[PDB]
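First comes one chain, alone, set out as structure tokens in the form deposited in one PDB entry.
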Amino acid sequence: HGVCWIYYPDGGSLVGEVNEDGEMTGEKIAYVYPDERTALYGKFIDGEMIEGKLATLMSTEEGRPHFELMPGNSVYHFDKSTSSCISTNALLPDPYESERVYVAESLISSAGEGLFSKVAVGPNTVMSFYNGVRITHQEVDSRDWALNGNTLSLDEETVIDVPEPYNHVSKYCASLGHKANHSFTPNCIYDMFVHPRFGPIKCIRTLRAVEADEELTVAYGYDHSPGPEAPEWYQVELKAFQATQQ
């Protein structure tokens, strides 16, 4: 038996010996994060993580990954959010994100907390995941902007939200993408991501090299000509940005 790797567009992959039907099912299947090193290894059924133990990919021989399990008993499973449940383990952090970002006071004035890089990385690096409950565009668009600070469009049917009180890390730290502040001159973008625990979500990906302890920012991308459909702080911010443009 040889091994198969199946990559997602975001660079993560499932890897293992497939079964009679070409399915990722068995006790020695892994999800490998985009760093091609951090992995969740163990029991999968048709590509869904049943019990993934944190591991490090130490080498690949004839295409077969050779892992070492990390100490501890960090286990993860597929746990997609619903309309009302953000996570079965809200305080269990993502182990890839934990090595790449931390939350601190923003450097942007009056912006509360922000998301910062722990280490220097290159362009095109996935830094953080934006998981949340999954609600409709109808609910979100029909309600006040004060409730919509953490809403992220996922696709034409779903918006991801991190509603109070899960916007505080003492209550929810499984993912941290909702902590990145806005910039009209950002160093990251939101990008599609298929996560073995969260399912189909978005991630924060660098668009250039970033230094250790640099604040990560993304363009929130509100509609500027539906004036702008956006919160006050952003509209005020948009004026200024437009000012600098000539």
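We call the rigid core the largest set of C-alpha positions that still match within 1.5 Å between the two forms. Numbers for residues come from their place in the sequence shown, where the first is 1.
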Taking only the other compared entries that model residues on either side of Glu229, decide whether it is unmodelled in at least a third of them.
yes
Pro226 to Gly227: deposited residues not modelled, binned count -> 4 to 9
If you average the CA temperature factors over each stretch, which comes out higher, 177-185 or 32-40?
177-185
Mean Cα B-factor check, 159-167 vs 140-148, entry values; winner is 140-148
Of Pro200, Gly26, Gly52, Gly221, which one's C-alpha B factor is largest in the deposited record?
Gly221
For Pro95, does the deposited CA B-factor place it in the lowest, middle or highest third of the chain?
lowest
Select lowest, middle or highest to describe the third in which the CA B-factor of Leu69 falls within its chain in this entry.
middle
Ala212: CA B-factor among chain residues, third -> highest
Ranked by Cα temperature factor within the chain, is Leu154 in the lowest third, the middle third or the highest third?
middle
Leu115: CA B-factor among chain residues, third -> middle
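Only in words, not in the display: the form deposited in another entry, which the text now covers.
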For the core superposition between the shown form and the other one, please identify the residue among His137, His168, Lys118, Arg143 whose CA shift reaches 2 Å or more.
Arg143
Inspect the rigid-core superposition and answer whether the C-alpha of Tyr8 shifts by 2 angstroms or more between the shown form and the other one.
no
